[PDB]
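S.K.: Pasting the sequence and an experimental structure:
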Amino acid sequence: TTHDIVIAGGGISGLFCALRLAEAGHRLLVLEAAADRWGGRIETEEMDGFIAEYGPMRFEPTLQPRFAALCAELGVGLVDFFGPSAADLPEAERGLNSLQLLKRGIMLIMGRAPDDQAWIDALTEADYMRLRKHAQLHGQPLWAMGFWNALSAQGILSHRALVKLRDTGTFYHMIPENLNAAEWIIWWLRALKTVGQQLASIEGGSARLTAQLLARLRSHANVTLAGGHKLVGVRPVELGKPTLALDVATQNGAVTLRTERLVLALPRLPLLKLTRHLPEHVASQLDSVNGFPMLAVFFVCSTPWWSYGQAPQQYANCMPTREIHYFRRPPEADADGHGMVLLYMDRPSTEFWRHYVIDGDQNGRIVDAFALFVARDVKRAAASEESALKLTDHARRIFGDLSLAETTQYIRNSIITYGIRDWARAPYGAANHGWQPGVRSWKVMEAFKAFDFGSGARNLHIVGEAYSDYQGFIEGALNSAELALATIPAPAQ
Ligand SMILES: Cc1cc2nc3c(=O)[nH]c(=O)nc-3n(C[C@H](O)[C@H](O)[C@H](O)COP(=O)(O)OP(=O)(O)OC[C@H]3O[C@@H](n4cnc5c(N)ncnc54)[C@H](O)[C@@H]3O)c2cc1C
């Protein structure tokens with residue numbers, strides 16, 4: 001079968017392109033490799049009555065207008081999230097938490113006063129574009145440097161400030177790979193705006209965005225949705241002509257398709273798997289970004305050791321979990337006193353394994369390692385008297401007495417259900433992506449938004465977060481999508 005447009009990938013960028021293109025009148029097929037679900041890195045589970053988000057959970061709608069507008073268009077309500085969160089240095093640098101020390105370094109790199117919040121607040125995408133293209137540090141373009149290198153530069157931080165960023169986990173958790181300085185500076189500048197505070201979540205779980213989008217698409221007769229179909233090959237039907245032949249694996253076999261246009265709504269790893277089928281000038285740029293790891297771990301406990309309102313805790317260097325969130329039922333509507341713990345572990349999973357997992361299912365060994373981790377935290381709280389972890393007095397005396405081994409066993413045994421998502425694993429290969437130093441991102445984005453095998457047809461496109469100007473977010477996926485959608489002509493009469 002021939003299709004006028006084929007979109008490979010049913011994550012948010014792919015489905016959004018399907019929507020815009022359907023609305024413009026094109027006839028199109030969306031291929032999604034997973035047999036069981038749509039939405040890609042947007043994944044929500046109901047776990048013992050709790051909403052577990054393996055991907056996005058909270059949003060900042062003022063920083064993410066395309067997302068906000070899409071939600072509004074699809075009748076996806078956003079609900080304000082009010083829940084809780086969070087000496088030896090030189091004079092200038094004493095005072096500041098890690099974020100503020102980072103900000104200072106950035107502000108100084110950009111030749112600004114650290115307190116210059118009005119400039120941060122004023123910066124637009126066009127400013128950001130001039131920053132990546134033109135900003136330099138000691139004569140070197142920032143797009144050419146690692147962000148560690150940038151932060152380490154003459155006149156930016158004291159030698160000790162650098163050490164302190166190391167100890168707070170800045171380089172272990174937040175900036176794990178020393179990626180593109182220009183791109184990191186832009187991203188932090190945006191995130192440091194005043195307006196960047198009002199937090200929301202999606203009513204009914206993040207996957208309600210996907211479900212609404214799917215419902216809309218199902219109402220457009222010029223859209224076909226095919227789950228369980230993975231693009232595994234593409235080439236021109238004939239060299240020098242635009243029409244593409246596609247090879248598609250299904251559950252039970254394969255299908256060969258023809259199309260005039262192919263949207264690859266895919267991140268780095270799935271494109272790497274297609275590398276030999278892609279035009280050379282695109283293939284050779286697939287490593288312009290790297291993938292960031294994330295393991296999202298959820299477990300529901302029959303006998304939680306924390307109360308309603310417990311705030312999330314962030315961890316520092318050498319603690320493989322970036323962050324632990326705690327959840328309880330609303331204390332009026334609390335049938336069972338069950339709680340849920342969400343742990344984000346942002347180090348390479350083979351490093352986590354080699355340090356924390358007893359070899360003698362992998363899932364069960366990982367939960368065990370996490371029970372021990374949590375046990376140490378509970379013991380240190382019980383012994384501490386002032387702790388960010390507000391234990392009860394039931395908990396406080398039990399855990400005070402119990403050994404570490406007994407605390408581990410107790411936590412382990414209280415787990416009635418768990419889920420683990422390792423985003424680094426095939427087929428995703430990453431939670432999100434970042435530009436390499438030495439890459440001019442605007443050139444890659446320009447090449448990827450429309451390209452071909454040399455005929456000039458410009459009828460292949462890459463869209464998604466991975467190679468966007470706003471990595472880490474749905475907003476990035478949507479910006480990348482719009483870049484390519486602006487290159488696609490309205491359908492033939
Ligand atoms: C832990 C985590 C936290 C996040 N936090 C936030 C946050 O706070 N805010 C926010 O805005 N964003 C957040 N994001 C990102 C957001 O989830 C976006 O969906 C993501 O950034 C990408 O959407 P996308 O279309 O690029 O691709 P994906 O979501 O990667 O979709 C790609 C799709 O392609 C399919 N596929 C792969 N190979 C093939 C093939 N060959 N053929 C067919 N289909 C194929 C996959 O099955 C997948 O469904 C987070 C992500 C994660 C994982």
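M.R.: Perfect, thanks for sending it. Residues are numbered from 1 along each chain as shown.

S.K.: got the domain boundaries for the protein?
M.R.: Here the domain assignment for the chain is 2-41+208-291+428-485, 98-191, 295-422, based on automatic domain parsing.

S.K.: before we move on, what SS does the closest residue to residue 18 other than its chain neighbours have?
M.R.: Among residues not flanking residue 18 along the chain, residue 30 sits closest, at 5.0 Å (CB to CB, 6 or more residues apart in numbering). C-beta coordinates here come from the backbone N, C-alpha and C atoms, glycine included. Residue 30 carries the three-state label strand when classified by DSSP: H, G, I helix; E, B strand; the rest coil.

S.K.: can I assume residue 30 is in contact with residue 13?
M.R.: No. Using CB atoms under 8 Å as the test, residue 30 is too far from residue 13 to be in contact (11.2 Å).

S.K.: Comparing the two, which residue is more hemmed in?
M.R.: Each of residue 30 and residue 13 has its neighbours counted (other CB atoms under 10 Å); residue 13 has more, 31 against 28.

S.K.: hang on, that one packs against residue 481?
M.R.: Yes. Counting by CB under 8 Å, residue 481 is a contact partner of residue 13 at 4.7 Å.

S.K.: Could you name every residue contacting both of the two?
M.R.: Common neighbours of residue 13 and residue 481 (criterion: CB atoms under 8 Å, 6 or more residues apart in numbering): 265, 463-464.

S.K.: Is it possible to get a markdown table of those that adds distance to the ligand, neighbour count and secondary structure?
M.R.: Listed next are the shared contacts of residue 13 and residue 481 as a markdown table, based on distance: CB to the nearest ligand atom, whole Å; neighbours: other CB atoms under 10 Å; DSSP: H, G, I helix; E, B strand; the rest coil:
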| residue | distance to the ligand | neighbour count | secondary structure |
| --- | --- | --- | --- |
| 265 | 5 | 29 | coil |
| 463 | 7 | 30 | coil |
| 464 | 3 | 30 | coil |
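
S.K.: List just the nearest of those to residue 89.
M.R.: Proximity of the shared contacts of residue 13 and residue 481 to residue 89 (CB to CB) peaks at residue 464, which lies at 40.9 Å.

S.K.: Spit out the contact partners of the closest one.
M.R.: Residue 464 neighbours (CB under 8 Å, 6+ apart): 9, 11, 13-14, 265-267, 476-477, 480-481.

S.K.: Looking at those residues, which are in helices?
M.R.: Judged by DSSP state H, helices contain the following of the contacts of residue 464: 13-14, 476-477, 480-481.

S.K.: Quick one: name the residues of this protein near the ligand.
M.R.: 8-14, 31-34, 40-42, 55-56, 58-59, 230-231, 265-267, 270, 294, 296, 423, 427-428, 431-432, 464-465, 473-475, 477 (CB under 6 Å from any ligand atom).

S.K.: Which members of the residues you listed are classed as buried?
M.R.: When the residues of the chain next to the ligand are checked for burial by 16 or more other CB atoms under 10 Å, the buried set is 8-14, 31-33, 40-42, 55-56, 59, 230-231, 265-267, 270, 294, 296, 423, 428, 431-432, 464-465, 473-475, 477.

S.K.: Can you tell me which of these end up in strands?
M.R.: Secondary structure assignment by DSSP state E places 8, 31-32, 59, 230-231, 296, 432 of those in strands.

S.K.: now those in TSV, with distance to residue 123?
M.R.: Converted to TSV, these look like this (distance: CB to CB, whole Å):
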residue	distance to residue 123
8	35
31	38
32	37
59	20
230	40
231	38
296	31
432	22
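
S.K.: quick one: residue 264 and residue 467 touch, right?
M.R.: No. In this structure, residue 264 is not within contact of residue 467 by CB under 8 Å, at 10.4 Å.

S.K.: so residue 203 sits right up against residue 77, yeah?
M.R.: Yes. Look at residue 203 against residue 77 with CB under 8 Å: they come within range, at 4.3 Å.

S.K.: Show me what the helix or strand hosting residue 187 is packed against.
M.R.: Assigned by DSSP states H and E, residue 187 belongs to helix 181-191. If you count contacts as 3 or more CB pairs under 8 Å, 6 or more residues apart in numbering; DSSP states H and E, helix 181-191 packs onto helix 98-109, helix 125-134, helix 147-151, strand 432-435.

S.K.: Report the inter-axis angle for that helix versus helix 98-109.
M.R.: 120 degrees (axes from the mean of the first three to the mean of the last three CA atoms, to 10 degrees).

S.K.: quick one: contacts of helix 181-191?
M.R.: Outside helix 181-191, the residues touching it (CB under 8 Å, 6+ apart) are 63, 102-103, 106, 109-110, 120, 123, 128, 131-132, 135, 137, 141-143, 145-147, 149-150, 175, 196, 434-435, 437, 441, 470-472.

S.K.: ok, how many other residues are close to residue 21?
M.R.: 25.

S.K.: From residue 231, how far off is the residue nearest to it when sequence neighbours are not counted?
M.R.: Distance criterion CB to CB, 6+ apart; nearest residue to residue 21, sequence neighbours excluded, is residue 28 at 5.6 Å. Per CB to CB, to the nearest Å, residue 28 is found 14 Å from residue 231.

S.K.: With residue 333 instead?
M.R.: Residue 333 is 46 Å from residue 231, by CB to CB.

S.K.: can you check residue 241 too?
M.R.: Taking CB to CB, one finds residue 241 at 20 Å from residue 231.

S.K.: and what of residue 416?
M.R.: For residue 416, the distance to residue 231 - CB to CB - is 39 Å.

S.K.: burial measure for residue 368, as a count.
M.R.: Neighbour tally, residue 368, other CB under 10 Å: 18.

S.K.: nope, residue 424 is what I was after
M.R.: Neighbours around residue 424, by other CB under 10 Å: 18.

S.K.: do residue 243 as well
M.R.: Neighbour tally, residue 243, other CB under 10 Å: 14.

S.K.: What are the boundaries of the strands in the stretch 151-300 of the chain?
M.R.: With DSSP state E, counting those that start in this stretch as the criterion, the stretch 151-300 of the chain has strands at 200-202, 223-227, 230-236, 244-249, 254-259, 262-264, 289-292, 295-301.

S.K.: and the following helix or strand past the last one, which strands flank it?
M.R.: Of the helices and strands lying after strand 295-301 in sequence (DSSP H and E), the nearest is strand 313-314. Based on DSSP bridges, the strands next to strand 313-314 in the sheet, each with its direction, are strand 321-328 (antiparallel).

S.K.: could you check the angle strand 321-328 makes with whichever helix or strand comes after the strand it pairs with?
M.R.: Using DSSP H and E, the helix or strand that follows strand 321-328 in sequence is strand 339-345. Comparing the axes of strand 339-345 and strand 321-328 via the same axes, to 10 degrees yields an angle of 170 degrees.

S.K.: Parallel or antiparallel, which strands does strand 339-345 pair with?
M.R.: Going by DSSP bridges, the partners of strand 339-345 are strand 295-301 (antiparallel), strand 321-328 (antiparallel).

S.K.: which one of those is the most hemmed in?
M.R.: Highest mean neighbour count of the strands paired with strand 339-345: strand 295-301, a mean of 23 (counted as mean count of other CB atoms under 10 Å).

S.K.: how about that strand as PDB, C-alpha atoms only?
M.R.: C-alpha atoms of strand 295-301 as PDB (Å, rounded to 0.1, in the frame of the first residue of the first chain):
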ATOM      1  CA  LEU A 295      15.600   4.900  35.800                       C
ATOM      2  CA  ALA A 296      12.200   5.800  37.200                       C
ATOM      3  CA  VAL A 297      11.300   3.400  40.100                       C
ATOM      4  CA  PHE A 298       8.000   3.300  41.900                       C
ATOM      5  CA  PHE A 299       6.900   1.100  44.800                       C
ATOM      6  CA  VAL A 300       3.700   1.000  46.800                       C
ATOM      7  CA  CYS A 301       4.200   0.200  50.500                       C
END
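
S.K.: Fine by me, thanks again.
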